[PDB]
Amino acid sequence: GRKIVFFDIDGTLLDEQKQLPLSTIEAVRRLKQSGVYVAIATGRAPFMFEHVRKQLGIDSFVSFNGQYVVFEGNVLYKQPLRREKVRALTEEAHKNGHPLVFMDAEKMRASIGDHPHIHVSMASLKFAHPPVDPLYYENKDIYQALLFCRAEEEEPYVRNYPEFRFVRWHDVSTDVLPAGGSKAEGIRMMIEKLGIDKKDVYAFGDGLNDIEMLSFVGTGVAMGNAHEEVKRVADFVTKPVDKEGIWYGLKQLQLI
């Protein structure tokens, strides 16, 4: 039956300079005219990789690690954080002078404007300080939050919010994620809607966060310099994104 390939963004579709390789555009091209379905599965927020979708013409994807799945321009599945819990977190973070940034499918908003930790960390991502809206979560679907505090301070948050998971990405900022959910469960929901079968699914990843995915699909492709534990669970290890990794891999796999 029909075959489908899921790509993640960092180190996979985009290179180290965050540019789109010429050979990847070719790859996706050949893949489409060949009848193979192309999609994306990432931990990123939709608005964070809109340019990639526009460039490759991809409108089906698993985002927020499976908490927001879109099939051909439409929302197939969505599981935002529990409103009550986002509030409690906000109020608790506020009491501690720790700011938060709320992310929904379209944008981000800070609970505190012009804050030093948001500036430095967000700038490391090459982003300006998000506009300030302390009550943005009240009538919006918040799929994720950014907690701006040091590690020596996350203890209470981690302790008081077991339904959440914390993954630090900067000295003064950590991702606040939902416990339930995964790219694999997102990838699963889509192949069911597409009538595709596990064995007919392929996936390219680069980070620790892709293990669950590479493990679940019929053919998981790890990449050149991906973490050793990512290659371990992979069914195939291709070259780095820097060396036509997507193209070469798709070739070896006889997909193009």
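The numbering used is simple: start at 1 and walk along the sequence shown.
Peer 1: Select between 190-198 and 43-51 the stretch whose C-alpha atoms have the higher average B-factor in the entry.
Peer 2: The stretch with the larger average C-alpha B-factor is 190-198.
Peer 1: Got a sec? Mean C-alpha B-factor, which is higher, 168-176 or 83-91?
Peer 2: Taking the mean C-alpha B-factor of 83-91 and of 168-176, the larger value falls to 83-91.
Peer 1: Could you say which of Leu135, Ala110, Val75, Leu147 has its CA atom at the highest B factor, as listed in the PDB entry?
Peer 2: Among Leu135, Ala110, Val75, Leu147, the highest C-alpha B-factor in the entry belongs to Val75.
Peer 1: Compare the C-alpha B factor of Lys239 with those of the other modelled residues in its chain, then answer lowest, middle or highest third.
Peer 2: Answer is lowest: the recorded C-alpha B-factor places it there.
Peer 1: Using the B-factor values recorded in the entry, state whether the Cα atom of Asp114 falls in the lowest, middle or highest third among the modelled residues of its chain.
Peer 2: For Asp114, the deposited C-alpha B-factor lands in the highest third.
Peer 1: Relative to the other modelled residues of the same chain, rank the CA B-factor of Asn160 and answer lowest, middle or highest third.
Peer 2: Middle third.
Peer 1: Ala222: which third of its chain by C-alpha temperature factor?
Peer 2: It belongs to the highest third of the chain when residues are ordered by C-alpha B-factor.
Peer 1: What third of its chain's C-alpha B-factors does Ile9 belong to: lowest, middle or highest?
Peer 2: It belongs to the lowest third of the chain when residues are ordered by C-alpha B-factor.
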